[PDB]
Amino acid sequence: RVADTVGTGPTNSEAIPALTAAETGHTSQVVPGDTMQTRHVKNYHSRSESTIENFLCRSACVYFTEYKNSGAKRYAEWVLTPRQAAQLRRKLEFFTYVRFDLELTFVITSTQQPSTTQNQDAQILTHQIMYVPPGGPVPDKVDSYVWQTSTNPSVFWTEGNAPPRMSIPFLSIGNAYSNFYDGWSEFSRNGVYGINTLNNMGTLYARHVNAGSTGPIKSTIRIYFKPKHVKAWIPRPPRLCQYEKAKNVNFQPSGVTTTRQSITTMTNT
Amino acid sequence: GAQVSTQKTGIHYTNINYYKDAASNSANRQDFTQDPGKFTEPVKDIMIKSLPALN
Amino acid sequence: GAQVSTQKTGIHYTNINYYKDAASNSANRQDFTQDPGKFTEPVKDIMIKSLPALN
Amino acid sequence: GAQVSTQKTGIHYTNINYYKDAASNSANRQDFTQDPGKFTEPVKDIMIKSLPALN
Amino acid sequence: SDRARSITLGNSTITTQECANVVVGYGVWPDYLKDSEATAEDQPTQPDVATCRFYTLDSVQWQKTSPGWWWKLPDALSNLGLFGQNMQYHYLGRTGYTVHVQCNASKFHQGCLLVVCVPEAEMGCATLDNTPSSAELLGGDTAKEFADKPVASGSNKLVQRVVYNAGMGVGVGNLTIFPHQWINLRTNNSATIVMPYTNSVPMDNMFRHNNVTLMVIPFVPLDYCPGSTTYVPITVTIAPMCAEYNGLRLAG
Amino acid sequence: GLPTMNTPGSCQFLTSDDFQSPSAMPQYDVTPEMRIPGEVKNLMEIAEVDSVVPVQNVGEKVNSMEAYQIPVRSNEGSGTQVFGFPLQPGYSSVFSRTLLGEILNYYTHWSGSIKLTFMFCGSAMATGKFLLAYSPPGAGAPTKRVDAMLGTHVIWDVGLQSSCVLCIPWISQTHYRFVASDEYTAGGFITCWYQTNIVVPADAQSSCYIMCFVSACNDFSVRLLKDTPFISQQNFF
Amino acid sequence: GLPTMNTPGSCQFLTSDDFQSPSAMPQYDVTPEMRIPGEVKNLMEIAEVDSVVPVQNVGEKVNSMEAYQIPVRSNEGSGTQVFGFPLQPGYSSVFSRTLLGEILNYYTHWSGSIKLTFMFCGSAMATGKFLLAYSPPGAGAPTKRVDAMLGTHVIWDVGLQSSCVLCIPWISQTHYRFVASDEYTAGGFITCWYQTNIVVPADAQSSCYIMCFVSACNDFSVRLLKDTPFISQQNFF
Amino acid sequence: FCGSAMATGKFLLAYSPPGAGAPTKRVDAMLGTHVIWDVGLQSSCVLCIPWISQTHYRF
Ligand SMILES: O=C(O)c1ccc(NS(=O)(=O)c2ccc(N3C(=O)c4ccccc4C3=O)cc2)cc1
Ligand SMILES: O=C(O)c1ccc(NS(=O)(=O)c2ccc(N3C(=O)c4ccccc4C3=O)cc2)cc1
Ligand SMILES: *C(=O)CCCCCCCCCCCCC
Ligand SMILES: *C(=O)CCCCCCCCCCCCC
Ligand SMILES: *C(=O)CCCCCCCCCCCCC
């Protein structure tokens with residue numbers, strides 16, 4: 001981790017650690033004792049908060065969807081990506097290739113909707129969240145045969161309990177997920193660009209298992225991703241521009257930095 | 001089959017794994033190995049400070 | 001009376017049985033023995049590849 | 001990795017730490033060392049009772 | 001002494017009198033694929049000295065106002081030699097590179113270039129609900145150029161090229177985590193980077209994925225006084241390293 | 001009692017969970033086992049078994065046994081195609097309802113080699129030669145015999161021994177390929193041509209058939225369970 | 001069963017918690033690892049890498065490459081300032097979007113030494129000397145060369161070897177300093193002056209540029225994760 | 001090289017085996033044996049022409 005400062009006295013020598021050539025593409029290994037007289041300091045500081053498995057291993061909200069126990073929008077569909085929401089996305093894009101296991105956690109809430117229904121009296125709601133791996137049947141309605149879940153992972157959750165959670169393995173067909181792809185999936189080099197199937201990891205469906213009330217209730221499910229067991233390769237400059245789309249790297253040109261008055265001024269504007 | 005490891009301090013704790021999948025285990029927090037020499041000093045020739053970088 | 005077994009990896013876990021019936025135990029996930037030779041090659045005579053199947 | 005310590009009496013208890021941070025541990029209740037001699041008697045010369053404080 | 005260098009690959013030899021060392025990747029030198037990392041079960045083709053040798057690309061003038069240039073690596077050598085004739089007959093291949101950029105000028109000239117090899121440099125589009133076409137990203141040994149002003153948004157399949165965002169939406173001054181050297185005209189006249197194969201798969205098709213992009217970007221413009229040479233070229237030379245190919249089929 | 005704390009995921013029903021639960025009938029002794037022939041312990045045992053492939057399946061052929069039959073005949077010249085279908089089991093019309101293909105619509109990923117066997121079912125006076133080719137993807141399907149002999153191929157000569165195996169190597173960028181259609185994990189194309197004409201004497205039929213079989217090799221594996229798209233219902237039966 | 005008791009914090013979802021949870025896909029074997037160049041295991045690996053500093057950033061300079069360039073020229077006398085900016089990465093306009101500075105808007109606290117490198121990009125006939133100074137805080141910025149030579153400084157002579165390093169010692173009352181602006185954990189001021197004029201012969205440009213770089217030393221550390229102020233959204237993308 | 005000591009440049013010194021005529025472009029000539037010559041201190045460079053012949057001797 002952090003290294004200890006070593007004491008140094010006066011010099012007058014043919015050594016020149018301060019002078020260097022930065023054209024070589026090498027970062028100089030100069031320490032403070034080289035350029036000045038220092039005392040010996042014992043350092044007890046650590047670099048344990050800046051591990052990759054600390055930086056990326058906190059739950060982050062990626063998406064939220066709504067669905068109702070009446071009318072249209074009886075269920076919610078979402079294709080799992082960590083690219084809908086800015087904050088998690090930016091952190092993963094300090095790297096080109098990442099490999100991790102997910103832990104999904106769901107915060108499901110319900111809100112009574114305005115109506116003129118007399119004598120509402122909800123029963124407790126039970127919700128079903130169904131993970132469907134790539135390919136295979138997709139529910140086209142609440143009350144299809146796809147919600148049987150004979151071989152699709154699924155959880156059921158009654159209100160007023162702890163959030164559900166489940167672990168997902170590393171599901172890539174590649175040896176790492178890629179956050180950037182500089183190519184086309186077609187051999188003609190036509191169609192969509194930057195689209196790849198290394199990051200597929202199914203679709204998520206959510207519904208009510210009962211309409212408890214005679215009146216309308218609308219639920220909101222929020223999905224949290226927590227990377228764990230992380231490994232990362234090839235670091236990249238942070239994103240400077242705001243994101244526009246979830247499938248593209250497209251951007252509006254942004255200035256390098258914010259301005260200031262002069263090149264000698266000691267304040268920001 | 002318990003592991004006993006040291007805690008982060010300025011003691012020890014006990015952990016048992018309960019599941020048959022190794023993707024169910026808690027996150028690895030205490031791995032502190034590092035090597036900045038891939039990204040700093042990627043040069044073929046060995047640079048010695050206190051000697052010219054270019055002769 | 002705990003069993004310690006290896007996890008599925010690209011460590012170990014601990015399990016205790018709590019009930020007096022052996023139909024209460026968790027599913028057996030790690031049995032990987034197999035023998036495709038009942039359904040492939042059910043022939044009485046031994047077939048050698050690199051020799052005619054029929055003389 | 002359990003600690004066994006004595007209880008406050010006019011027996012013993014068992015404690016296991018479950019977390020990887022040492023700021024998650026229960027409060028230290030049984031530390032009874034003390035030294036009032038910093039705040040009482042801070043004088044450079046040693047005072048002996050049964051002798052004049054000032055000669 | 002430390003400034004003289006010679007690199008021999010196949011027929012080719014490069015010699016420089018001013019050299020800033022050689023940068024090697026992430027401290028990994030090119031190697032052949034192991035049999036404990038391989039997936040494909042056919043015997044590789046390894047042409048050796050018919051693929052792994054220096055190829056010069058077209059030169060491009062450095063002017064007092066020039067914004068920069070880029071070349072996408074497997075598709076800038078795709079029409080050249082037997083390197084280009086092994087990647088259209090095979091479905092797979094993997095290779096590292098040695099990139100050597102030359103640019104010589106007098107001791108009365110000044111300027112500075114940044115030479116970077118950027119893994120998977122995916123580049124934005126001027127219009128925000130389209131992606132670029134393959135005729136705006138890929139040259140073929142001709143360099144594509146950056147712009148100094150934003151590309152207007154039409155109904156475009158154009159690339160958003162601005163030097164200061166590097167066409168990727170990042171600060172251009174932070175491209176120094178990628179293997180790099182500077183050509184500063186008062187010091188050195190050449191730069192050498194040796195890239196290893198970087199991908200998340202052991203081999204990949206090379207006619208629809210570009211796994212590296214070379215960019216040469218002026219940070220200090222070219223300047224000289226009247227009476228000096230007004231034409232200063234920048235030549236790029238690229239050699240494959242440990243090329244393999246697998247999956248022999250028909251051409252296309 | 002013992003101080004405890006509940007974590008997220010308590011009081012949930014995860015359908016994939018393994019936990020112990022008390023028996024409703026305690027001390028119930030089950031009937032003894034007997035050895036019954038043909039115990040199955042893995043599904044890759046029964047994916048390594050040959051299964052007739054319905055190569056033909058053009059219009060009204062699927063409602064007959066003509067689906068399984070592949071026409072070959074005596075024709076002028078040679079170098080004409082006999083069949084072509086793409087490599088992609090568990091998607092393709094040809095392979096989705098084969099025995100291999102239906103242990104592969106329960107999985108998302110697949111890896112390994114596949115072996116096609118062909119069985120000539122002409123008369124014993126008929127003779128001929130074929131070119132059984134496989135082309136990796138990246139250049140489209142071969143449209144001539146000379147385009148198809150640049151890929152993996154086997155020349156099959158018909159005599160005694162009336163079958164020949166074209167083993168399809170694993171040549172892929174990734175370690176696994178998707179079961180479902182994706183162009184990133186394209187499989188390639190399998191084609192057949194006349195290397196030599198079918199030659200028969202007088203009083204023997206000049207039209208013959210070939211039957212095709214498919215099975216997995218011993219390096220084959222599947223991964224990631226999912227519901228099959230091939231069974232449905234509108235109400236309980 | 002075993003008598004137990006629940007404590008505060010049961011049935012909560014803390015986003016920083018580490019607990020075990022059952023897998024939704026059991027017995028799933030993941031693809032093998034390959035060695036990919038340039039594995040990262042700490043973010044202080046990649047904060048020790050030089051990154052061009054946009055010292056200029058006055059009006060319309062941030063929308064060009066002129067931000068990174070620092071003017072120096074032949075002028076009458078010497079002891080005129082070249083630049084000045086305050087030490088406070090992850091706050092200052094100059095340092096907030098540098099590579100060092102963006103691994104430091106995810107943290108509340110920072111400690112250790114920082115090294116600036118300068119690279120002279122004139123012609124090879126140009127020569128000069130500079131005074132690269134750093135003043136601890138408590139007396140404001142130096143406004144003369146004679147005020148600035150009472151702090152830490154290095155005199156840089158330009159010849160062969162076209163770079164020089166000003167390493168900024170850690171001189172602080174506290175062990176850590178805030179990333180965000182506070183006057184209790186003020187950093188000091190970094191200034192540059194002409195020690196000697198830029199001297200050129202005829203037919204060589206008398207205007208030259210300097211480029212600045214910044215990186216952390218090996219005694220550097222960061223602490224206490226937080227959201228960065230530099231990414232926003234109004235709706236899902 | 002017999003220029004002045006301020007002159008600098010680079011050259012491609014190529015040799016092509018026979019069977020395709022003389023190269024007529026720089027890109028045709030870099031497919032043969034070649035050396036890139038950089039002029040600095042050391043004002044000479046050697047292009048050694050290998051023996052590449054079907055026969056052991058040539059007329
Ligand atoms: O959700 C599932 O777990 C679930 C949903 C559908 C399902 N199979 S189905 O064939 O699609 C099916 C679809 C509908 C009904 N069904 C009704 O919806 C219903 C309403 C009222 C009375 C009787 C019934 C009844 O038989 C039964 C079966 C199985 C389980
Ligand atoms: O609270 C958070 O966890 C949460 C809040 C905001 C957020 N990101 S955001 O870009 O600010 C954002 C802000 C609002 C909405 N949004 C709505 O508020 C809404 C209401 C009704 C239908 C659809 C939507 C919907 O897309 C979506 C995203 C992420 C998470
Ligand atoms: C090694 O694992 C044996 C050490 C003693 C184990 C105590 C186990 C604690 C209670 C059971 C946890 C079981 C999780 C499935
Ligand atoms: C062998 O079983 C003894 C090993 C230690 C057992 C720890 C038991 C954990 C708590 C009791 C589980 C009892 C289930 C009925
Ligand atoms: C030393 O720690 C081993 C002694 C026996 C441990 C029994 C553990 C009790 C149950 C597990 C507590 C685990 C907390 C993460």
# chains A, B, ... in the order shown; residues from 1 in each chain; ligands from 1
>>> interface_residues(of="chain A", to="chain F", cutoff="8 Å", atoms="only C-alpha atoms", output="ChimeraX atom specification")
/A:105,132-137,144-145,149-158,161-166,173-174,185-187,196-197
>>> residues_around(residues="residue 38 of chain C", least_positions_apart="5", cutoff="10 Å", atoms="only C-alpha atoms", output="list in words")
residues 43 of chain C; 37, 38, 39, 40, 45 and 46 of chain F
>>> closest_atom_pairs(of="chain F", to="ligand 3", cutoff="12 Å", atoms="only C-alpha atoms and all ligand atoms", output="CSV")
residue,atom,partner,partner_atom_place_in_ligand_line,distance
F:18,CA,ligand 3,15 (C),10.5
F:19,CA,ligand 3,15 (C),9.1
F:20,CA,ligand 3,15 (C),10.1
>>> residues_around(residues="segment 44-55 of chain B", least_positions_apart="5", cutoff="8 Å", atoms="only C-alpha atoms", output="list in words")
residues 14, 15, 16, 17, 19, 20, 21, 28, 29 and 30 of chain A; 1, 2, 3, 20, 21, 22, 23 and 24 of chain E; 161 of chain G
>>> interface_residues(of="chain C", to="chain F", cutoff="12 Å", atoms="only C-alpha atoms", output="PyMOL selection string")
chain C and resi 15-42+49+51-55
>>> write_last_selection(atoms="C-alpha atoms", output="CSV table (one decimal), in the first residue's frame")
chain,number,residue,atom,x,y,z
C,15,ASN,CA,-24.4,-28.6,5.8
C,16,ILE,CA,-26.2,-30.2,8.8
C,17,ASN,CA,-29.4,-32.3,8.5
C,18,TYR,CA,-32.1,-31.2,10.9
C,19,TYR,CA,-34.8,-33.8,10.4
C,20,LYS,CA,-35.2,-37.5,11.0
C,21,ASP,CA,-36.5,-38.3,7.5
C,22,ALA,CA,-34.2,-38.6,4.6
C,23,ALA,CA,-36.9,-37.2,2.3
C,24,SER,CA,-36.5,-33.9,4.1
C,25,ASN,CA,-33.0,-33.4,2.9
C,26,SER,CA,-31.9,-30.9,0.2
C,27,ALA,CA,-31.6,-32.0,-3.4
C,28,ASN,CA,-28.5,-33.9,-4.7
C,29,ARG,CA,-26.9,-31.5,-7.1
C,30,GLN,CA,-23.3,-32.7,-7.4
C,31,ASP,CA,-23.7,-36.2,-8.8
C,32,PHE,CA,-21.9,-36.2,-12.2
C,33,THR,CA,-21.4,-39.9,-13.0
C,34,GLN,CA,-22.6,-40.9,-16.4
C,35,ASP,CA,-22.3,-43.8,-18.9
C,36,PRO,CA,-23.7,-43.1,-22.4
C,37,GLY,CA,-22.6,-46.7,-23.5
C,38,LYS,CA,-26.0,-48.2,-22.8
C,39,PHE,CA,-27.7,-46.1,-25.5
C,40,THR,CA,-24.8,-45.7,-27.8
C,41,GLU,CA,-23.1,-48.9,-28.8
C,42,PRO,CA,-25.7,-51.4,-27.4
C,49,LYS,CA,-13.4,-47.6,-35.2
C,51,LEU,CA,-11.9,-51.3,-38.8
C,52,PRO,CA,-14.9,-52.2,-41.0
C,53,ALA,CA,-18.2,-52.3,-39.1
C,54,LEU,CA,-19.2,-55.2,-41.4
C,55,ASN,CA,-16.6,-57.5,-42.8
>>> interface_residues(of="chain A", to="chain E", cutoff="8 Å", atoms="only C-alpha atoms", output="PyMOL selection string")
chain A and resi 22-25+96-97+174-178+180-190+192-194+235-241+244-245+248-256
>>> residues_around(residues="residue 193 of chain F", least_positions_apart="3", cutoff="8 Å", atoms="only C-alpha atoms", output="ChimeraX atom specification")
/F:78-83,130-132,145
>>> write_last_selection(atoms="N, CA and C atoms", output="PDB file, in the first residue's frame")
ATOM      1  N   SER F  78     -21.870 -33.226 -63.066  1.00  0.00           N
ATOM      2  CA  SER F  78     -21.760 -33.363 -61.640  1.00  0.00           C
ATOM      3  C   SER F  78     -21.460 -31.985 -61.135  1.00  0.00           C
ATOM      4  N   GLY F  79     -21.459 -31.819 -59.796  1.00  0.00           N
ATOM      5  CA  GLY F  79     -21.159 -30.574 -59.145  1.00  0.00           C
ATOM      6  C   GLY F  79     -22.407 -29.789 -58.945  1.00  0.00           C
ATOM      7  N   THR F  80     -23.548 -30.497 -58.823  1.00  0.00           N
ATOM      8  CA  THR F  80     -24.840 -29.924 -58.553  1.00  0.00           C
ATOM      9  C   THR F  80     -25.039 -30.200 -57.094  1.00  0.00           C
ATOM     10  N   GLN F  81     -25.820 -29.355 -56.395  1.00  0.00           N
ATOM     11  CA  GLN F  81     -26.018 -29.442 -54.972  1.00  0.00           C
ATOM     12  C   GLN F  81     -27.096 -30.453 -54.699  1.00  0.00           C
ATOM     13  N   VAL F  82     -27.079 -31.066 -53.498  1.00  0.00           N
ATOM     14  CA  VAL F  82     -28.016 -32.076 -53.090  1.00  0.00           C
ATOM     15  C   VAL F  82     -28.854 -31.479 -51.991  1.00  0.00           C
ATOM     16  N   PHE F  83     -28.237 -30.791 -51.005  1.00  0.00           N
ATOM     17  CA  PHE F  83     -28.976 -30.139 -49.955  1.00  0.00           C
ATOM     18  C   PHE F  83     -28.088 -29.073 -49.398  1.00  0.00           C
ATOM     19  N   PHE F 130     -19.880 -38.300 -53.270  1.00  0.00           N
ATOM     20  CA  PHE F 130     -20.458 -37.064 -52.821  1.00  0.00           C
ATOM     21  C   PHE F 130     -19.370 -36.296 -52.161  1.00  0.00           C
ATOM     22  N   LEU F 131     -19.577 -34.974 -52.013  1.00  0.00           N
ATOM     23  CA  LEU F 131     -18.704 -34.082 -51.307  1.00  0.00           C
ATOM     24  C   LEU F 131     -19.576 -33.534 -50.225  1.00  0.00           C
ATOM     25  N   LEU F 132     -19.241 -33.797 -48.949  1.00  0.00           N
ATOM     26  CA  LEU F 132     -20.019 -33.396 -47.800  1.00  0.00           C
ATOM     27  C   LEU F 132     -19.206 -32.311 -47.171  1.00  0.00           C
ATOM     28  N   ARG F 145     -19.493 -26.084 -56.243  1.00  0.00           N
ATOM     29  CA  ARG F 145     -18.725 -27.153 -55.660  1.00  0.00           C
ATOM     30  C   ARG F 145     -17.326 -26.703 -55.368  1.00  0.00           C
TER      31      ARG F 145
END
>>> closest_atom_pairs(of="segment 25-91 of chain E", to="segment 21-31 of chain H", cutoff="7 Å", atoms="only C-alpha atoms", output="tab-separated table")
residue	atom	partner	partner_atom	distance
E:55	CA	H:30	CA	6.4
E:56	CA	H:27	CA	6.8
E:81	CA	H:31	CA	6.7
>>> write_last_selection(atoms="N, CA, C and O atoms", output="mmCIF file, in the first residue's frame")
data_model
loop_
_atom_site.group_PDB
_atom_site.id
_atom_site.type_symbol
_atom_site.label_atom_id
_atom_site.label_comp_id
_atom_site.auth_asym_id
_atom_site.auth_seq_id
_atom_site.Cartn_x
_atom_site.Cartn_y
_atom_site.Cartn_z
ATOM 1 N N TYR E 55 4.624 -2.843 -42.907
ATOM 2 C CA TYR E 55 3.879 -2.368 -44.044
ATOM 3 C C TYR E 55 3.763 -0.891 -43.848
ATOM 4 O O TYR E 55 3.272 -0.464 -42.815
ATOM 5 N N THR E 56 4.182 -0.065 -44.830
ATOM 6 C CA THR E 56 4.007 1.368 -44.758
ATOM 7 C C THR E 56 2.660 1.722 -45.319
ATOM 8 O O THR E 56 2.259 1.228 -46.366
ATOM 9 N N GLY E 81 -0.565 -7.063 -48.795
ATOM 10 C CA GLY E 81 0.199 -8.283 -48.779
ATOM 11 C C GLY E 81 -0.614 -9.517 -48.579
ATOM 12 O O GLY E 81 -1.773 -9.586 -48.973
#
>>> residues_near_ligand(ligand="ligand 2", cutoff="10 Å", atoms="only C-alpha atoms and all ligand atoms", output="number ranges by chain")
A: 60-67, 84-87, 107, 220-224; G: 232-237
>>> closest_residue(among="E:219, E:245, E:91, E:69", to="chain F", atoms="only C-alpha atoms")
E:91
